[PDB]
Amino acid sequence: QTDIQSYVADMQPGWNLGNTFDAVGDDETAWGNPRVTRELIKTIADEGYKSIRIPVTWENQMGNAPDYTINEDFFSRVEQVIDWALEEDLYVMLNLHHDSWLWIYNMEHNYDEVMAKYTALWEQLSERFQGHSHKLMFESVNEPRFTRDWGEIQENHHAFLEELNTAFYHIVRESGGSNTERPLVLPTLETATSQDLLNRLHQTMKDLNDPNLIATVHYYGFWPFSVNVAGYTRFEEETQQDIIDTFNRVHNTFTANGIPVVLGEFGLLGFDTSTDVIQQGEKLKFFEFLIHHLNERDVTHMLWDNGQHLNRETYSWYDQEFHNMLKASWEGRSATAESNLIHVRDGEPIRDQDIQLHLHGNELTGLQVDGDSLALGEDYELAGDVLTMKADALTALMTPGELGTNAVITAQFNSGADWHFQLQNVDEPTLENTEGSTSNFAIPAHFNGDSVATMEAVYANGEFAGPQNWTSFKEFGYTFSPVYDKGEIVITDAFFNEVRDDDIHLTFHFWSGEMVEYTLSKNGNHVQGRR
């Protein structure tokens, strides 16, 4: 192995301090996160991460021509956080972030200004961090883009991005000192992962003829699964194949020829709305699959955390199950199941229930409820990889009448993370009539322990209604959102803004399998809903 591949490999795994210094505002707190504490970096270190990415947006602390001097207090705060990260023996990756689209976008029609502010910025940076360790790396530009004359992308953009990469490179290398051997991270265009882009970054990197370069890509999952659109509610073969093809191209083009790859940002696109857009078990399966294949192709990954995943005020993970699956996927594969839920109707006699496992190379060793192992034979059976909860066990663990999560059955294995089943006592969900404006329309609902997976919207003639007209399945969150603590289903203003004055048939898909029908009557700014 080469020295640079041991470097990138020593970064694994990585974490993004997102929506902080990268926020487009007057300071790092414009987008809701608190100012960086020395405790934050320390916990990020003690949770198993060995590299941290610090994205920064610089436009709103830059001066005017020709110096564009960075404001010293913002600069010194960035520098302070980096210093802390290096006290914690972490790798630090520093970039210019949202400046990408803020002004660098504008290079075809503002070339000398964009490269004046660019050159000046990386001069200040390189001079500032000259005497720093080699565990500080420079990343040229986050997800670069340029102005569409005829559309994205052709011709101009590759040239522009190459000129940015080589200018940045030559600045840092000409700074000397620790910047001579300092690794430099360079991106594909929009950090995308298609073959042409990969071959242009490849030819730029050969062009620069440097041993200490690193290739970057971003990935937020197969688009429709990542945002819960077009019915892709489960983590099925299409997402998996997208992962496999994407990182097989990345691996063949970069890792296989000795240039290491940092997947500098990964996640699910839908988490820009909420982590509730993807169902829990399918999220876990997605992340386990992804981290498995990335490990198999020596791709060092850095999770994008804008503040939604670790509570930067408690310093603990908002969803421990998620982080447990991540930190198991660092070491190896974890067993999963067809679902993380077990459904049991409150009205039916309780029967033995089968559950398909996904051993992923591992073996089952027991099941626990509230920390206590369960009874072999009397509580559960295992036939190959089909696990069966016995009737008496579910009857004991459940409460007649109490709808919702009655218990959690924990499947333990010889290796990997525990898989947790939510034992749901459910009835058939029912809706109610309502009437209101497009601006505040909510269907009163009785979820009865169930869970909404997706919603379709078709006109009474069968045409696909609502936004993203090419499919019947609307997008989660942006067009509708189930609010369980307030017992209703919201229909958003964005949905009604793309529907004609007509009657709308909606068909709510629940994770129990059931489906509820509802009809809306749309005229202007008023809508009535009936069962």
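Quick note: we count residues from 1 along the sequence shown, nothing fancier.
- Of the two segments, 505-513 and 16-24, the one listed with the higher mean B-factor is 505-513 (C-alpha atoms only).
- Of the two stretches examined, 266-274 and 377-385, the record assigns the greater average C-alpha temperature factor to 266-274.
- Per the PDB entry, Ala494 shows the highest C-alpha temperature factor of the residues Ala45, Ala30, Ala494, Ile54.
- Across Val344, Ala460, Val369, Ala192, the entry's maximum B-factor at the CA atom is seen for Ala460.
- Annotation for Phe75: CA B-factor lies in the highest third of the chain's modelled residues.
- Ranked by Cα temperature factor within the chain, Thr471 sits in the highest third according to the deposited record.
- The entry lists a Cα temperature factor for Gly151 that places it in the highest third of the chain's modelled residues.
- In the deposited entry, the Cα temperature factor of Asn425 sits in the middle third of values across the chain's modelled residues.
- Ranked against the other modelled residues of its chain, the C-alpha B-factor of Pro260 as given in the entry falls in the middle third.
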